[PDB]
Amino acid sequence: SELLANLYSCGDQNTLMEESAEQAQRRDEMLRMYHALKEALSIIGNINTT
Amino acid sequence: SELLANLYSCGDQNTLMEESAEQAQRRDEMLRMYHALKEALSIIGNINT
Amino acid sequence: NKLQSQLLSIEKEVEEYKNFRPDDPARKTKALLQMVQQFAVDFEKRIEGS
Amino acid sequence: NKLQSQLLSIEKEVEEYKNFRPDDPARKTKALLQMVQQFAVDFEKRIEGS
């Protein structure tokens, strides 16, 4: 019943919920992986079509 | 896992979370009750002398 | 003693009602979370018996 | 089939990353709400045993 009401009262609500560096690095690696993987499936498609 | 995100993602959360008028009346009535009870208790405590 | 009991009963809710401000997105967010949790709990109660 | 399986296991997550912005109060708010819900539920499960 109370925990969220207290979290809204802490600090200045500007630095709270700020991502760590590791999440930013994981984000970049995941986006790179996603785009390269779609490219691999596009090339397999083109090869099967000929 | 998802219902909360689906509800929050809707636009105009203000309209989404408008309180019923009955609730707007009930909370005001409780505020009046609280102030009147404190005033009555102060009077009783003072008269006791 | 009667008046003290009534004040003790009402205080838990007037403490929140006295802080009402129409322009408060945090109050809305807290209500949203509480109502969603109540829904999920009631659904699990009625389907699984937990 | 292997590439599609990996894409199926990444695509559900990278949707948040593709639109990632350094300034997004709605993303922060909903992440806060989901994590608070998950904390309360995990604590209750862990101590009650349900």
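Chains as they are written, first to last, in the authors' numbering: chain W, 699 to 748; chain D, 699 to 747; chain E, 298 to 347; chain X, 298 to 347.
All C-beta atoms, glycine included, are put in the ideal place defined by N, C-alpha and C.
Endpoints, alpha helix (DSSP H) assigned at residue i
i: X:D320; result: Careful: X:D320 lies outside any alpha helix (DSSP H) and carries neither H nor E.
i: W:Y706; result: Note, W:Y706: premise wrong, no alpha helix (DSSP H); not H, not E.
i: W:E727; result: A719 to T747
i: E:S306; result: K299 to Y314
Cβ distance (whole Å) where residue i is taken to contact residue j below 8 Å
i: X:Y314; j: W:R730; result: Not really, about 10 Å apart at Cβ, beyond 8 Å.
i: X:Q301; j: W:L739; result: 7 Å
i: E:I307; j: D:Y732; result: 6 Å
i: D:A703; j: X:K327; result: 6 Å
i: D:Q711; j: E:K325; result: 6 Å
i: W:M728; j: X:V311; result: 5 Å
i: D:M715; j: E:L329; result: 6 Å
Check: residue i C-beta below 7 Å from any heavy atom of the ligand SAH
i: E:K299; result: With respect to the ligand SAH, the structure shown offers nothing to examine, as it has no ligands at all.
What residues from the segment 313-330 of chain X come within 7 Å of chain D, judged by C-beta to C-beta, listed N to C?
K327 and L330
Counting only Cβ-Cβ distances shorter than 9 Å, please list the residues of the segment 711-723 of chain D near chain X, keeping chain order.
none
Determine which residues of the segment 333-346 of chain X have a Cβ less than 9 Å from any Cβ of chain W, and write them out in chain order.
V333, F336 and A337
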